[PDB]
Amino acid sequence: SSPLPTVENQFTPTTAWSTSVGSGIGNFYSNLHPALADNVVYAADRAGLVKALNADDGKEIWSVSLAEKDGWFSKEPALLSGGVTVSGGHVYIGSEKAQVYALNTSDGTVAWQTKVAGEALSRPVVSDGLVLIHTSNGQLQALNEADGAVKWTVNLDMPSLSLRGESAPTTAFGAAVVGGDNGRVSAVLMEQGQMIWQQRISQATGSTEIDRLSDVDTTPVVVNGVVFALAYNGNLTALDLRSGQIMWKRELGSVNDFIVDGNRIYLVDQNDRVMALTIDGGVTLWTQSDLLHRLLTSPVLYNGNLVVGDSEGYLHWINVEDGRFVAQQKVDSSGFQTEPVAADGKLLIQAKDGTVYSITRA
């Protein structure tokens, strides 16, 4: 592992509120994380529990359950995994049983429930009034906001090994841009799911070994006209948005997640070394590696700092110029692992077990 850095807090970091959610993800694989819209926080657990909460104080609004009734005293877990997405009147969640749920925001009644073509370990993405689902067996599927029917399906690649690492779609200017577990990046037109391009980003996994630390968020991000994407080997690549042509590849190390903002890329490698890069070239500016082998979440930007959680239950704030620590708190002794979320002035994060938390300072 690697010991915890010493604590020169520049602000005093507190926990605004916290409310638990079942018990919730544990040590199972899932990508469940909170969502916010309209001073409502929505959140879930593996079993099938879904709590809507007031964003200011954390008090519960509705708590529904999606678990199935199976056998005398057991309820059977819904196996929710595709972290919570919310848009329009609906709350969207996907499961490892190939189900996508659409729950009404007003009261969390089920509006529709569709069987999709494979597991939905990723965030549904809404755009166009179509709900986008990237399945574990290499499909891209598009569902109606309104009734949940499958407008279309695209077969992305000759199906491969299924890997840890979220793979949501992103959208830009009418296209879906999607990554995957097979070295491939694709752009699909959203009307009728027609192919625009497909770039091979690295070798199709050619029986090369899979390390236990590999966990690559393969979700592309489009800034200006550049597509940024990690291939499953943990290499960062930049592509021209129009044609999918490779601009460059960082065979740097092995990157689990990254984020973009302004003129910086901020990433976390599979060793838990944190790094900052230039946007045009992906040139490295600083590394912070005092967190080696604690087990970090994805990072977010909040109030101008990088925030990342670890399995030992700590938050860490990092200066965005180098690179040094700024604050650190113990928060929940079941660890962190799923991503912290930043929108509208709030910092939300969900722990394995101990579940939801708002965060600031005073």
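Just count from 1 along the sequence shown to find any residue number.
Which has the higher mean CA temperature factor in the PDB entry, 112-120 or 202-210? Looking at the record's C-alpha B-factors, the answer is 202-210.
Can you tell me whether 2-10 has a higher mean C-alpha B factor than 351-359 in this record, or the other way round? The entry gives the higher C-alpha B-factor average to 2-10.
Go through 293, 330, 46, 316 one by one and give the residue whose Cα B-factor in the PDB entry is largest. Most elevated C-alpha B-factor of the set, per the entry: 330.
Using the temperature factors in the entry, find which of 256, 136, 105, 288 has the highest value at its Cα atom. Highest C-alpha B-factor among the listed residues goes to 105.
Residue 40 by Cα B-factor - lowest, middle or highest third of the modelled chain: Tercile = highest for this residue's CA B-factor.
Report the third (lowest, middle or highest) to which the CA temperature factor of residue 165 belongs, ranking only the modelled residues of the same chain. For residue 165, whose C-alpha B-factor we compare with every modelled residue in the chain, the answer is the lowest third.
Residue 34, C-alpha B-factor rank within chain (lowest, middle or highest third): CA B-factor rank for residue 34: middle third.
Based on the deposited C-alpha B factors for this chain, I'd like to know if residue 66 is in the lowest, middle or highest third. Its C-alpha B-factor belongs to the highest third of this chain's values.
Lowest, middle or highest third: where is residue 279 by C-alpha B factor in its chain? It belongs to the lowest third of the chain when residues are ordered by C-alpha B-factor.
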